[PDB]
Amino acid sequence: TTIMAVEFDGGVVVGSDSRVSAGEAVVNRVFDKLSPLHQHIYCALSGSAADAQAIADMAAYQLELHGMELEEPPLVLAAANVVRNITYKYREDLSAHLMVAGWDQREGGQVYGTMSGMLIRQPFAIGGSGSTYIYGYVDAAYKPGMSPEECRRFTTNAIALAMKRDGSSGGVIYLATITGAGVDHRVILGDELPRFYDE
Amino acid sequence: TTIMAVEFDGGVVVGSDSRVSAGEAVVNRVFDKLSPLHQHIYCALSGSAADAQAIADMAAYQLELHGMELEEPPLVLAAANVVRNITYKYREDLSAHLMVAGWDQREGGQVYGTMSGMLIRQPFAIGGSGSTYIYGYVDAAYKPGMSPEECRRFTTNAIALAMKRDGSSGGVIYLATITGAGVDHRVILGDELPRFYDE
Amino acid sequence: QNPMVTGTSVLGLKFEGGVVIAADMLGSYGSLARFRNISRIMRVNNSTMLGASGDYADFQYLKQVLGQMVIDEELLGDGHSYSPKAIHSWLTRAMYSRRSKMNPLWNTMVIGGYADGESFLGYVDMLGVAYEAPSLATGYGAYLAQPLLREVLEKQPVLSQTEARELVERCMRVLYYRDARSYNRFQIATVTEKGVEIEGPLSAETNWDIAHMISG
Amino acid sequence: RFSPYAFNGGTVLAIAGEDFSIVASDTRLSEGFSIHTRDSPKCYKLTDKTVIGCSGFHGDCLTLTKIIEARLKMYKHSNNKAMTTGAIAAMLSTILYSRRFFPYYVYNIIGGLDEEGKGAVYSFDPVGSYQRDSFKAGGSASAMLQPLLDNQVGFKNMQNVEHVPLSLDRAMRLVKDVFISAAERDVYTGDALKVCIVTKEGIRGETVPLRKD
Amino acid sequence: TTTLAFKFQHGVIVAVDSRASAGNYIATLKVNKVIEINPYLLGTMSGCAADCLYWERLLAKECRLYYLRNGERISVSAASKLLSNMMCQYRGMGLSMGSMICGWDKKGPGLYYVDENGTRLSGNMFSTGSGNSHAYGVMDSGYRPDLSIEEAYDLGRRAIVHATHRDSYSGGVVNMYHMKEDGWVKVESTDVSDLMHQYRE
Amino acid sequence: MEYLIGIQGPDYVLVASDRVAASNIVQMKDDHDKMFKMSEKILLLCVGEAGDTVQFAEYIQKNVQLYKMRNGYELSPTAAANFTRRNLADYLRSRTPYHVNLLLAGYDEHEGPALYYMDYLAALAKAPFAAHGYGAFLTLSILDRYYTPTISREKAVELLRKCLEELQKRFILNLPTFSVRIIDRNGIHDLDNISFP
Amino acid sequence: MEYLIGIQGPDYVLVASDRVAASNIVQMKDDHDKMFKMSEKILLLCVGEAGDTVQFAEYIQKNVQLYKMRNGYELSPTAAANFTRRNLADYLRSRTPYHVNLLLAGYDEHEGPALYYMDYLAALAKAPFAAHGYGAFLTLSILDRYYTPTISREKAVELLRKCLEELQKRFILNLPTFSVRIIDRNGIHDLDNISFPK
Amino acid sequence: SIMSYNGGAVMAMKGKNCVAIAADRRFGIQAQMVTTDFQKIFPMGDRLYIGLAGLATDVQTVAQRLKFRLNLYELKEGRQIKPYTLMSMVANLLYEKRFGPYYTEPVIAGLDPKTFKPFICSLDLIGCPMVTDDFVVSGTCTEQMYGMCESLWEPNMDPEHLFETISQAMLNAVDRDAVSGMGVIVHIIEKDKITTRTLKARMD
Amino acid sequence: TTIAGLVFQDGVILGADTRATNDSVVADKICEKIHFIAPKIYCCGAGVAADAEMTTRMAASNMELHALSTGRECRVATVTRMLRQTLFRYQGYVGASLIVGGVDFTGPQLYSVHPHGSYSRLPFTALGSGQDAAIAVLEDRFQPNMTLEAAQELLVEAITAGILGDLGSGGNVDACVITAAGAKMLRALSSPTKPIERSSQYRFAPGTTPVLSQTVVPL
Amino acid sequence: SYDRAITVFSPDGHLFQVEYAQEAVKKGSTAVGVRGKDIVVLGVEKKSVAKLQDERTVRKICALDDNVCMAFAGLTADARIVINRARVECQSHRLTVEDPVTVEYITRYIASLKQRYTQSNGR
């Protein structure tokens with residue numbers, strides 16, 4: 001369970017891992033944890049897979065009903081608030097944790113950590129049990145003002161480093177990049193994963 | 001509790017954190033965790049600080065006699081079996097886990113993780129609660145056969161970022177570098193801690 | 001309920017015609033120090049302010065409720081403002097109902113305020129303990145900075161902004177040493193007759209020379 | 001996890017003289033072995049003749065204080081009269097039982113003048129029982145103050161000694177010295193002493209210092 | 001804490017002590033356990049002190065309600081009957097109350113025992129409380145169905161004396177209440193300690 | 001643990017209840033009658049947790065009294081236990097589960113005298129004789145030896161003394177005083193209370 | 001629970017006990033003898049766990065007989081108590097602590113009759129009367145009423161039955177069969193075992 | 001808990017040239033008492049006495065062990081033991097059992113076997129030596145016994161004020177403790193004599 | 001219980017208070033804490049009271065053995081090694097906590113002994129319940145190699161924290177100063193509690209106690 | 001649901017709805033009753049059926065309890081609801097109080113229902 005988000009000038013980059021693990025026996029090793037909140041707005045699931053999927057559709061609904069009323073995509077801040085208001089409400093019976101990121105025609109690329117039901121604005125956010133060991137790598141490698149390709153470098157390498165140590169994180173990477181033009185998708189295969197020091 | 005040991009040809013770099021915490025409170029903000037077992041043999045204390053110090057004297061005791069019989073300082077691997085055989089017997093009573101390092105006229109620099117009464121050799125070894133967060137960090141910047149001063153900086157960089165990320169660790173950096181002509185001792189002030197990403 | 005974003009010590013002290021409040025910018029998840037940039041202090045109208053400890057998540061929810069309540073009086077234009085008392089009174093009563101419902105918001109909050117030359121400072125607890133003291137601390141700061149404050153308050157009960165903030169600079173300097181969950185970044189919020197003035201992030205110069213004195 | 005209440009210490013003792021009632025308690029408020037503040041008055045005046053201290057968990061004291069005053073002034077405007085010292089007793093007793101399944105942890109001692117002008121003391125308990133007595137105590141030091149109460153006021157365990165009705169001068173000597181003795185040996189009492197005395201004219205309140213530790 | 005009462009041809013005598021303690025520490029020596037309901041109805045106290053106060057005062061309201069309703073001066077059996085109902089509502093919620101019901105009606109000086117679960121028991125001779133076991137022995141040695149009112153008090157005094165003597169939780173001073181047709185009367189409030197020298201020698 | 005016992009003859013139903021109500025080491029009321037009357041020809045005997053006996057018995061008792069007023073006739077013994085079982089089963093899973101073990105006796109112009117056994121889980125059974133409590137061990141085994149379908153009601157009580165005396169001899173708890181009643185087409189007939197002077 | 005009682009008179013000590021031993025819901029044997037003869041002028045009773053009574057009694061009983069052989073004269077009641085206590089307190093810290101409630105009776109050549117009280121906590125208390133078990137709740141209040149240090153032995157037997165029959169009138173256990181033995185200047189004598197003609 | 005299980009209490013106060021020691025006579029298990037004949041104060045010899053409280057199990061057990069080790073030291077030296085020497089004897093007898101602790105709270109009082117000097121002390125389950133020039137209190141009523149002794153104590157007291165003070169304490173103290181009771185025995189060591197007086201106390 | 005110490009240029013200082021309690025009430029106000037081991041060596045206890053008592057005695061008993069046999073000065077760190085080796089045999093089950101300081105031939109050595117056997121070398125530390133407040137003063141205002149006079153005045157204000165800041169500490173403060181010249185002891189250096197007075201006195205004449213029975217045994 | 005006032009006042013103050021209710025009372029069959037010395041006796045006339053009806057359902061003299069009985073004259077419709085719910089009160093009173101029912105106690109609870117039905121919404 002590893003999710004990642006990085007902010008830059010024109011937009012944000014959101015990575016994810018495909019391993020869905022419960023216990024020591026993998027349940028489903030191939031899955032796409034990216035759940036669209038909207039065409040221009042996405043979220044990153046974490047924690048319990050089943051409980052997180054329900055909040056995604058309950059958020060993608062309330063956001064869609066508000067979207068067509070003004071005929072404009074809601075602000076990224078409005079997306080994090082809906083995720084927070086739903087999370088914090090049921091947070092006692094739901095252990096799911098989410099990561100909200102998106103782009104708008106005003107503010108631009110934004111990332112808001114919803115973890116545990118709080119709200120925070122960060123240039124980069126990590127979550128899950130696999131991200132616990134990447135706190136060291138994210139500090140030295142990250143520098144502001146990186147291009148989307150340079151961001152995907154820092155994004156993929158940090159996730160390719162994550163899934164090695166964590167037992168509950170693995171599989172392939174699903175990337176999403178939202179800019180003024182549109183949405184991009186990149187899938188990094190196990191052999192396509194950048195390989196690090198294994199000794 | 002954050003301890004770090006890195007091997008290279010000319011010697012070993014053994015780092016440690018000065019902060020020792022009892023529960024949520026700090027025992028002593030500056031406490032030296034490096035206790036020599038033998039002349040050139042040193043030990044990295046972790047787990048329970050008390051039990052680790054009692055093992056240090058029982059080790060050093062047995063090393064005295066056995067060191068006087070050969071008229072030669074016992075090899076690093078010899079002290080590894082000493083600490084382990086005492087740890088494996090008391091493993092239920094003694095919960096402390098030690099990281100053994102040292103240098104000898106034959107094998108050279110050797111670091112042996114004794115955690116849970118086992119025996120292994122590694123290019124670099126780390127232990128404690130705060131050593132977890134630096135896994136991916138060191139893995140990106142680690143290269144075989146780095147220069148000793150940069151190895152001293154590599155351990156200085158790692159632990160420094162661990163103390164900021166770990167709430168249970170902190171204080172000042174210790175540096176133990178063993179050579180053929182002696183042993184180096186370094187204490188880095190809190191003002192001289194390597195500065196990493198602040199935000 | 002869960003280990004969610006636990007906070008740190010919260011320090012405050014009265015002075016002449018104002019209140020000094022200081023808190024670290026570090027959020028802490030479990031034993032890990034995770035979020036090193038967060039906003040602990042909120043400005044409430046001109047004369048009042050709030051800062052908290054414990055769960056930062058549950059705070060933002062109650063932090064948001066205050067904002068909507070302040071809007072109610074601002075829309076009226078009645079010519080009045082919320083006093084630090086009433087806010088401290090509403091907060092104690094609002095957090096109280098959380099205990100009777102067995103779902104308490106887990107926090108420790110401090111309210112600074114300035115009313116007609118009399119600066120009010122107050123303290124609340126999750127369980128509802130509330131009082132007024134010239135020096136207030138939270139967590140292990142109550143075991144460290146609190147006796148240091150009361151040592152100076154005996155000789156200098158009346159203080160200005162000069163020595164107050166300068167003493168607070170020395171208060172959090174100890175919080176590095178004996179408080180493991182503290183962090184370098186901190187905020188200094190001062191409430192005066194001109195309203196709340198919140199300075200940006202600051203650091204502290206410390207002396208570690210005790211390390212080199214061990215080998216002696 | 002979560003504890004519904006924690007023992008905060010504190011001590012409240014109220015003695016009712018012939019025509020007067022004296023109520024004195026410290027200002028020391030603590031949590032476990034940790035001290036909050038040295039000024040935390042327990043005694044809370046309600047009406048002219050009614051002042052009540054509450055010894056126990058301090059947060060539950062404020063909620064009762066507000067609910068009481070909420071019923072007090074509601075009684076006033078509706079009933080066009082103030083509540084007597086004896087009337088507040090049975091009122092708060094019914095207030096405590098409504099919460100019986102979530103018991104308030106406090107020791108409530110009512111004091112003031114009755115309809116006849118005599119000093120009245122009503123001691124409560126967290127479950128809501130009530131009784132009237134000449135002298136009551138509360139808190140942690142309440143156990144240590146009883147022999148001195150059974151001596152000066154009680155006159156028990158002496159051989160042919162005249163029983164004098166207690167006086168204000170003796171009370172100021174008694175009530176202070178028993179606290180001076182209690183604050184020494186008991187850790188939860190000290191740092192100050194406040195005294196609330198109510199006569200037919202009104203309240204008379206003064207503060208006398210105790211040992212700082 | 002000891003509460004005992006017993007029914008006999010001349011009415012009922014209620015004998016309790018004054019000491020109600022919290023743990024090993026004595027709360028107050030002078031605590032009055034016996035509670036007033038009506039001129040002809042007298043209540044008791046056992047276990048939780050507040051549960052006896054509230055419910056018997058609520059029953060005192062119920063005793064007034066029906067009396068303000070049908071003015072029939074409700075019977076003693078119906079009293080404990082109404083008390084049993086209201087207690088069975090919260091049964092299982094943690095209410096622990098021992099108590100007794102004393103009164104006089106057309107049937108006679110009715111005596112009833114009420115438990116926490118709503119158990120309603122009439123009878124000639126009762127007892128309850130912590131140290132009640134010490135009361136049964138001394139009270140059951142000899143019996144006269146028709147009691148002489150004086151020696152009847154002595155049988156009630158000597159009971160409480162040796163009862164509170166063995167029990168650490170029973171003590172304080174003696175409380176004694178006789179029952180009569182029109183209304184009950186309080187016999188005496190007497191120290192337990194000074195009653196020993198009589199029986200001791 | 002109070003003790004109930006009952007025996008159904010061809011023309012009669014013999015029931016016996018211990019009169020002792022005790023708490024801890026003392027007997028509260030030793031003569032207290034546990035036998036309750038549902039209707040003229042139908043009684044009920046209950047044993048279990050103290051408050052559950054008294055309280056729950058009034059439910060079945062008062063509600064059957066309401067039936068006779070509407071239709072002009074009493075319930076049958078079969079309808080009795082039925083109405084008793086469902087009400088006890090509906091309240092079994094409720095917030096306040098009742099602990100009671102009851103024997104239901106009654107007479108009918110066709111089914112004759114009837115005896116129905118019921119546990120604390122409201123499991124109905126039709127047996128010639130049954131008992132409750134720990135005393136059922138020391139007693140019902142004796143009845144298995146000496147019982148016959150043709151037994152007269154006179155030898156019934158004569159036989160019951162053999163089972164009751166074992167309670168004073170081997171069985172630990174006192175239970176000095178016993179109540180005895182019998183029901184037939186002529187209605188309830190009370191009998192002597194067996195005591196051991 | 002089984003019940004013990006004893007009374008010390010000026011020239012005598014009278015002891016009485018229930019002979020019924022029970023397990024589960026039934027009473028197995030009503031003739032079980034609690035009263036044990038330690039020596040000529042000394043006699044012992046006990047109550048406790050079913051197996052520890054007879055087990056621990058013979059040890060204290062026969063060890064006194066070994067002393068009587070060496071010096072030729074039997075122990076005094078006072079010496080038997082402190083020798084019983086210290087031996088009973090030693091078994092507490094072992095793996096099998098004995099549950100014991102006992103009454104020690106004997107006739108000294110000087111002090112005359114003596115009665116001693118001990119419990120499973122091994123606490124020796126010299127008292128003219130004592131009780132054990134659940135009956136100590138329903139009985140000892142009767143003794144303080146009718147007892148005097150000058151009481152005659154025949155008044156004791158009378159008042160004894162008044163204390164004993166209380167168990168069937170109130171206490172839940174039957175315990176019909178009782179036993180009676182007494183010690184005096186002439187040593188151990190026996191009296192008719194108290195029964196209850198129901 | 002276990003300390004308050006079997007009850008008991010003891011008090012000792014030191015005067016000018018004399019010292020007094022007192023303890024309650026009540027003995028019994030929890031709610032039900034037994035008898036007043038349990039003795040909590042035992043003679044240690046001339047001008048030396050010891051009180052005991054807590055669980056009466058080890059009270060009488062430690063006692064017989066005290067005189068045991070004492071009778072050895074009595075004959076081995078030509079002169080009798082001092083109270084300050086006995087204090088460590090009781091502390092060491094309790095400490096060897098530290099891992100299976102005895103339950104008691106010993107209190108020692110007496111005079112210097114040389115001439116006039118009084119001495120008192122108090123201990124606990126751990127047996128920490130504590131020397132006070134005023135008084136020592138031990139028992140389940142200890143909290144109540146600090147109240148009177150703080151007020152009543154005087155810098156210098158004759159045998160008169162000695163007997164008066166400590167007696168008023170115990171009589172007032174026990175009143176609030178339901179566990180302690182049933183009379184108090186008072187011992188006073190004078191220069192040329194020693195007295196024992198049984199107090200008339202509340203019966204409860 | 002609050003105990004603390006510091007090292008100055010010419011030696012060491014060990015502060016302590018006199019308060020002893022049983023976690024509800026004060027057992028003794030004047031009860032001593034600092035003990036005597038060797039002529040130049042002192043120590044103080046914390047945690048469980050008596051567990052420090054016998055531990056220091058058995059440690060000091062081995063000193064006079066060691067001392068008289070060697071005829072040499074007593075080594076500071078030797079006393080520290082005795083304790084923890086004795087405490088580790090109990091696996092930290094003993095709640096005793098100690099501070100060891102003194103003067104040897106080399107120089108001032110101040111240690112601290114934790115219950116589980118952990119030990120540390122350091123200029124200053126505090127133990128007990130009120131250790132927190134007492135540490136705060138020693139952290140900020142400490143200076144390297146302080147003068148004895150400034151070191152004593154720092155100890156005064158030091159324990160003021162643990163006294164005024166914690167309930168489990170109080171009474172008076174007995175200063176302990178050790179130099180190379182010999183041993184020195186002080187008692188009640190500071191009196192933080194002024195109200196030692198009382199407004200009422202109870203003194204009863206002989207005959208006010210209703211005594212029942214009496215007996216007199218002359219010596 | 002159906003919520004409105006049914007019975008309302010008039011310019012002369014009298015109740016239209018209630019007077020028409022007592023009119024239907026007089027339109028019913030004639031029933032009588034008296035309070036005897038040691039007994040009570042009730043009676044009601046029977047409209048003469050011709051060789052058809054069964055007298056079980058036609059009987060207008062009922063019994064609420066062993067202590068108290070009743071008779072009714074008016075619309076047979078509303079009579080059976082009162083008889084049923086009054087017998088419920090008779091058993092509920094014995095369920096609440098061990099003492100038997102009182103004629104005055106049961107009577108007031110009966111007429112109190114008709115007062116509720118008058119002032120209740122939609123009734």
# chains A, B, ... in the order shown; residues from 1 in each chain; ligands from 1
call {"tool": "interface_residues", "arguments": {"of": "chain B", "to": "chain A", "cutoff": "8 Å", "atoms": "only C-alpha atoms", "output": "PyMOL selection string"}}
result
chain B and resi 132-140+142+158+161-162+165+196-197
call {"tool": "residues_around", "arguments": {"residues": "residue 202 in chain C", "least_positions_apart": "6", "cutoff": "7 Å", "atoms": "only C-alpha atoms", "output": "list in words"}}
result
residues 185, 186 and 187 of chain C
call {"tool": "write_last_selection", "arguments": {"atoms": "C-alpha atoms", "output": "CSV table (one decimal), in the first residue's frame"}}
result
chain,number,residue,atom,x,y,z
C,185,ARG,CA,9.8,25.3,13.6
C,186,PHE,CA,7.4,27.3,15.8
C,187,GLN,CA,5.0,30.2,15.6
call {"tool": "residues_around", "arguments": {"residues": "range 184-195 of chain A", "least_positions_apart": "6", "cutoff": "9 Å", "atoms": "only C-alpha atoms", "output": "list in words"}}
result
residues 156, 157, 159, 160, 161, 170, 171, 172, 173, 174, 175, 176, 177 and 178 of chain A
call {"tool": "residues_around", "arguments": {"residues": "range 122-135 of chain C", "least_positions_apart": "5", "cutoff": "9 Å", "atoms": "only C-alpha atoms", "output": "MDAnalysis selection string"}}
result
(chainID C and resid 11:15 84:85 88 91:93 95:96 98:99 104:113 146 149:150 153 157) or (chainID D and resid 3:6 36:40 57:63)
call {"tool": "select_by_dssp", "arguments": {"residues": "chain E", "states": "helix (DSSP H, G or I)", "output": "ChimeraX atom specification"}}
result
/E:49-69,76-89,130-139,149-166,193-200
call {"tool": "write_last_selection", "arguments": {"atoms": "C-alpha atoms", "output": "mmCIF file, in the first residue's frame"}}
result
data_model
loop_
_atom_site.group_PDB
_atom_site.id
_atom_site.type_symbol
_atom_site.label_atom_id
_atom_site.label_comp_id
_atom_site.auth_asym_id
_atom_site.auth_seq_id
_atom_site.Cartn_x
_atom_site.Cartn_y
_atom_site.Cartn_z
ATOM 1 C CA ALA E 49 -28.086 5.608 49.551
ATOM 2 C CA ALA E 50 -29.179 7.766 46.611
ATOM 3 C CA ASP E 51 -31.309 5.015 45.071
ATOM 4 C CA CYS E 52 -33.317 4.784 48.296
ATOM 5 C CA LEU E 53 -33.821 8.565 48.486
ATOM 6 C CA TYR E 54 -34.933 9.128 44.887
ATOM 7 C CA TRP E 55 -37.310 6.201 44.392
ATOM 8 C CA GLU E 56 -39.051 6.462 47.771
ATOM 9 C CA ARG E 57 -39.547 10.178 47.151
ATOM 10 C CA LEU E 58 -40.864 9.287 43.693
ATOM 11 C CA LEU E 59 -43.073 6.740 45.449
ATOM 12 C CA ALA E 60 -43.990 9.451 47.961
ATOM 13 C CA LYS E 61 -45.195 11.414 44.935
ATOM 14 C CA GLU E 62 -47.076 8.336 43.717
ATOM 15 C CA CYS E 63 -48.502 7.954 47.222
ATOM 16 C CA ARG E 64 -49.674 11.572 47.034
ATOM 17 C CA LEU E 65 -50.913 11.278 43.431
ATOM 18 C CA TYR E 66 -53.342 8.436 44.155
ATOM 19 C CA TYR E 67 -54.263 10.177 47.415
ATOM 20 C CA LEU E 68 -54.834 13.405 45.498
ATOM 21 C CA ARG E 69 -56.713 11.193 43.007
ATOM 22 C CA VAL E 76 -49.099 -0.810 52.003
ATOM 23 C CA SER E 77 -49.152 -3.812 49.667
ATOM 24 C CA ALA E 78 -49.926 -1.564 46.698
ATOM 25 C CA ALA E 79 -47.070 0.742 47.729
ATOM 26 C CA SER E 80 -44.408 -1.945 47.285
ATOM 27 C CA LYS E 81 -46.432 -3.100 44.271
ATOM 28 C CA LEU E 82 -45.984 0.303 42.631
ATOM 29 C CA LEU E 83 -42.372 0.287 43.829
ATOM 30 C CA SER E 84 -41.752 -3.122 42.243
ATOM 31 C CA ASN E 85 -43.007 -1.911 38.846
ATOM 32 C CA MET E 86 -40.875 1.238 38.641
ATOM 33 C CA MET E 87 -37.798 -0.746 39.713
ATOM 34 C CA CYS E 88 -38.367 -3.458 37.103
ATOM 35 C CA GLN E 89 -38.218 -0.813 34.357
ATOM 36 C CA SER E 130 -24.059 -6.048 55.336
ATOM 37 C CA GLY E 131 -24.026 -7.313 58.932
ATOM 38 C CA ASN E 132 -27.657 -8.468 58.924
ATOM 39 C CA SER E 133 -26.524 -12.063 59.512
ATOM 40 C CA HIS E 134 -25.513 -11.183 63.085
ATOM 41 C CA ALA E 135 -29.053 -9.904 63.714
ATOM 42 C CA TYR E 136 -30.935 -13.118 62.890
ATOM 43 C CA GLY E 137 -29.248 -15.174 65.604
ATOM 44 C CA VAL E 138 -29.842 -12.891 68.574
ATOM 45 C CA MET E 139 -33.313 -11.945 67.328
ATOM 46 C CA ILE E 149 -43.647 -2.468 73.855
ATOM 47 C CA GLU E 150 -40.796 -1.907 76.333
ATOM 48 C CA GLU E 151 -39.050 -5.291 76.204
ATOM 49 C CA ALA E 152 -39.781 -5.226 72.467
ATOM 50 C CA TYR E 153 -37.448 -2.233 72.201
ATOM 51 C CA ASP E 154 -34.906 -4.078 74.353
ATOM 52 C CA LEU E 155 -35.115 -7.008 71.942
ATOM 53 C CA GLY E 156 -34.564 -4.439 69.203
ATOM 54 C CA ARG E 157 -31.802 -2.660 71.113
ATOM 55 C CA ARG E 158 -29.873 -5.784 72.139
ATOM 56 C CA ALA E 159 -30.109 -6.944 68.515
ATOM 57 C CA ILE E 160 -28.511 -3.791 67.077
ATOM 58 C CA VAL E 161 -25.983 -3.749 69.946
ATOM 59 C CA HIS E 162 -24.386 -7.135 69.280
ATOM 60 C CA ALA E 163 -25.031 -6.907 65.519
ATOM 61 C CA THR E 164 -23.090 -3.661 65.098
ATOM 62 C CA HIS E 165 -20.580 -5.016 67.619
ATOM 63 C CA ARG E 166 -19.372 -7.902 65.442
ATOM 64 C CA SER E 193 -21.133 2.329 72.766
ATOM 65 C CA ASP E 194 -22.672 3.340 76.103
ATOM 66 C CA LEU E 195 -25.258 0.543 75.826
ATOM 67 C CA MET E 196 -22.487 -2.034 76.313
ATOM 68 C CA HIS E 197 -21.806 -1.498 80.028
ATOM 69 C CA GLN E 198 -25.410 -2.509 80.710
ATOM 70 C CA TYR E 199 -25.122 -5.774 78.778
ATOM 71 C CA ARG E 200 -21.400 -6.227 79.504
#
call {"tool": "select_by_dssp", "arguments": {"residues": "range 20-75 of chain H", "states": "strand (DSSP E)", "output": "list in words"}}
result
residues 20, 21, 22, 23, 24, 27, 28, 29, 32, 33, 34, 35, 41, 42, 43, 48, 49, 50 and 51 of chain H
call {"tool": "write_last_selection", "arguments": {"atoms": "C-alpha atoms", "output": "PDB file, in the first residue's frame"}}
result
ATOM      1  CA  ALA H  20       4.675   6.068  74.946  1.00  0.00           C
ATOM      2  CA  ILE H  21       3.380   3.391  72.566  1.00  0.00           C
ATOM      3  CA  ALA H  22      -0.229   2.379  71.934  1.00  0.00           C
ATOM      4  CA  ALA H  23      -2.221   0.116  69.631  1.00  0.00           C
ATOM      5  CA  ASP H  24      -5.798  -1.030  69.149  1.00  0.00           C
ATOM      6  CA  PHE H  27      -8.836  -8.495  65.811  1.00  0.00           C
ATOM      7  CA  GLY H  28     -11.035  -9.880  63.064  1.00  0.00           C
ATOM      8  CA  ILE H  29     -11.392 -10.794  59.417  1.00  0.00           C
ATOM      9  CA  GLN H  32     -16.578  -9.475  61.281  1.00  0.00           C
ATOM     10  CA  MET H  33     -14.256  -9.046  64.257  1.00  0.00           C
ATOM     11  CA  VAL H  34     -13.113 -11.775  66.653  1.00  0.00           C
ATOM     12  CA  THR H  35     -11.766 -10.683  70.039  1.00  0.00           C
ATOM     13  CA  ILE H  41       2.734  -4.775  71.796  1.00  0.00           C
ATOM     14  CA  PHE H  42       5.316  -7.188  73.209  1.00  0.00           C
ATOM     15  CA  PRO H  43       8.048  -6.661  75.826  1.00  0.00           C
ATOM     16  CA  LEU H  48      12.669  -1.502  74.943  1.00  0.00           C
ATOM     17  CA  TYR H  49       9.281  -2.304  73.397  1.00  0.00           C
ATOM     18  CA  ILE H  50       7.908  -2.919  69.907  1.00  0.00           C
ATOM     19  CA  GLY H  51       4.488  -2.450  68.346  1.00  0.00           C
TER      20      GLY H  51
END
call {"tool": "atom_distance", "arguments": {"atom1": "CA of residue 195 in chain I", "atom2": "CA of residue 196 in chain D"}}
result
21.5 Å
call {"tool": "residues_around", "arguments": {"residues": "residue 87 in chain J", "least_positions_apart": "2", "cutoff": "7 Å", "atoms": "only C-alpha atoms", "output": "VMD selection string"}}
result
(chain F and resid 66) or (chain J and resid 64 to 65 83 to 85 89 to 91)
call {"tool": "atom_distance", "arguments": {"atom1": "CA of residue 75 in chain H", "atom2": "CA of residue 61 in chain I"}}
result
26.1 Å
call {"tool": "atom_distance", "arguments": {"atom1": "CA of residue 130 in chain I", "atom2": "CA of residue 56 in chain D"}}
result
23.6 Å
call {"tool": "residues_around", "arguments": {"residues": "range 144-153 of chain I", "least_positions_apart": "4", "cutoff": "8 Å", "atoms": "only C-alpha atoms", "output": "PyMOL selection string"}}
result
(chain C and resi 213) or (chain I and resi 6-10+13+157+175)
call {"tool": "interface_residues", "arguments": {"of": "chain F", "to": "chain G", "cutoff": "12 Å", "atoms": "only C-alpha atoms", "output": "ChimeraX atom specification"}}
result
/F:1-2,20-31,133-138,165-177,195-197
call {"tool": "interface_residues", "arguments": {"of": "chain G", "to": "chain H", "cutoff": "7 Å", "atoms": "only C-alpha atoms", "output": "list in words"}}
result
residues 121, 122, 123, 125, 126 and 127 of chain G
